[PDB]
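Residues take their numbers from the sequence shown, with the count starting at 1.
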Amino acid sequence: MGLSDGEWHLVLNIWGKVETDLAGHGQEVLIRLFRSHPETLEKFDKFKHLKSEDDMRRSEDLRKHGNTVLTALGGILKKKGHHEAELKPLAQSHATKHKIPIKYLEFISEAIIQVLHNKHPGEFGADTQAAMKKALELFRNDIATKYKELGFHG
Ligand code: HEM
């Protein structure tokens, strides 16, 4: 489950590009999530009204939340294999106030991978893709562990 130093290095190489625009990457991640899995838009009372891609792109509220999402994920990724303190409140919030099944966390992992590949073809080769995939698997798995403790079957 754990990543090597070299795998983390690949993850943070591509994250270095994302960092220079957390809101804009985050917006594309949410859009690709919602369009690839429309059922996930149901979890977001604030965005359910957005019925088109162009509407989603014009939503400053959607853009802002994309920054929140990727800011939180960046802090986690930057902690590499010692992210217990950053991940725990996130798990807590997504197992209580917004009950997000692990399946949808897989969907957004998939959306993140697709956005990075579309926006960063050169820096996101097969090895960096495999490493980012692994980091997001570790992330979901660790969230799932906390879910169990919190009483939520994900
Ligand atoms: C990489 C995975 C994710 C990250 C890093 C993330 C991060 C966040 C953060 C930081 C917040 C606000 C603070 C908090 O609640 O702790 C939030 C809120 C929320 N999250 Fe997530 N999230 C992720 C995945 C998801 C998914 C897949 C869904 C639904 C399918 C979801 C649904 C929500 C909702 C509904 C809120 C509240 C929105 C609002 O403030 O109105 N999250 N998320």
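- For the side chain to side chain contact (heavy atoms under 4.5 Å, CB included) test, residues two or more places apart in sequence or in another chain that qualify with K78 are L12, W15, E19.
- Annotation: side chain to side chain donor-acceptor pair (under 3.5 Å) contacts of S59 (sequence neighbours excluded): none.
- With rounding to the nearest 0.5 angstrom, the CE atom of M1 is 7.0 Å from the CG atom of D142.
- Atom-to-atom distance recorded for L73:CG and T68:OG1 is 12.5 Å, nearest 0.5 angstrom.
- Shown here is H117, whose NE2 atom has no more than 12 heavy atoms of other residues, nucleotides or ligands within 6.0 Å.
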Below 3.5 Å, can you tabulate the donor-acceptor pairs from side chains in residues 121-137 to any protein atom, sequence neighbours excluded?
{"from": "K134", "atom 1": "NZ", "to": "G2", "atom 2": "O", "distance (Å)": "3.0"}
{"from": "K134", "atom 1": "NZ", "to": "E7", "atom 2": "OE1", "distance (Å)": "3.1"}

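- Taking each heavy atom of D21 and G24 in turn, the nearest pair found is OD1-N, 3.0 Å.
- Taking both residues in full, the closest heavy atoms of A91 and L150 are given as O-CD1, 3.7 Å, listed atom of the first, atom of the second, then distance.
- Closest non-hydrogen pair, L77 versus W8, comes out as O-CZ3, 3.8 Å.
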When you look at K119 and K17, which way does the side chain to side chain contact (heavy atoms under 4.5 Å, CB included) test go after all the steps? CA-CA 10 Å; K119 284 194 182 306; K17 308 293 287 199; over 6 Å; no
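- The list of salt bridge (charged side-chain N to carboxylate O under 4.0 Å, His left out) pairs with a residue in residues 67-76, not counting sequence neighbours, is empty.
- Every residue was checked against the side chain to side chain donor-acceptor pair (under 3.5 Å) condition with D5, not counting sequence neighbours, and none meets it.
- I108 places none of its side-chain heavy atoms less than 4.5 Å from the side chain of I100.
- Under the salt bridge (charged side-chain N to carboxylate O under 4.0 Å, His left out) criterion, the residue pairs touching residues 38-48 are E42-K48, with sequence neighbours excluded.
- Checking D54, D61, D55 one by one against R58, the salt bridge (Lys or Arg N to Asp or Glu O under 4.0 Å) holds for a single residue, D54.
- The side chain to side chain contact (heavy atoms under 4.5 Å, CB included) check on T20 picks up nothing, with sequence neighbours excluded.
- Linking ILVMFWY residues whenever their side-chain heavy atoms come closer than 4.5 Å, directly or via other members, leaves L10 and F139 in distinct clusters.
- Atom CG of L138 sits about 10.0 Å away from atom CD1 of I143, to the nearest 0.5 Å.
- Within the structure, ring pair (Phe, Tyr, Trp, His ring centres under 6.0 Å) pairs that include any residue of residues 50-86 comprise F44-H65 (at least two apart or interchain).
- In this structure, CD1 in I113 is found 6.0 Å from CG in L116, a value given to the nearest 0.5 Å.
- With sequence neighbours excluded, the residues forming a ring-ring contact (aromatic ring centres under 6.0 Å, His included) with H120 are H25, listed by chain and number.
- A search for side chain to side chain donor-acceptor pair (under 3.5 Å) contacts involving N118 returns nothing, not counting sequence neighbours.
- In this structure, the side chain of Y147 does not engage the main chain of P101 through any donor-acceptor pair within 3.5 Å.
- Note on residues 92-104: no pairs pass side chain to side chain donor-acceptor pair (under 3.5 Å), not counting sequence neighbours.
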Could you go through residues 27-36 and list every donor-acceptor pair under 3.5 Å that involves a side-chain atom there, pairing it with any protein atom two or more places apart or in another chain?
{"from": "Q27", "atom 1": "OE1", "to": "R63", "atom 2": "NH1", "distance (Å)": "3.1"}
{"from": "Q27", "atom 1": "NE2", "to": "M56", "atom 2": "O", "distance (Å)": "3.2"}
{"from": "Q27", "atom 1": "NE2", "to": "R57", "atom 2": "O", "distance (Å)": "3.2"}
{"from": "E28", "atom 1": "OE1", "to": "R57", "atom 2": "NH1", "distance (Å)": "3.1"}
{"from": "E28", "atom 1": "OE1", "to": "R57", "atom 2": "NH2", "distance (Å)": "3.4"}
{"from": "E28", "atom 1": "OE2", "to": "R57", "atom 2": "NH1", "distance (Å)": "2.5"}
{"from": "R32", "atom 1": "NE", "to": "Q114", "atom 2": "OE1", "distance (Å)": "3.4"}
{"from": "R35", "atom 1": "NE", "to": "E53", "atom 2": "OE1", "distance (Å)": "3.4"}
{"from": "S36", "atom 1": "OG", "to": "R32", "atom 2": "O", "distance (Å)": "2.9"}

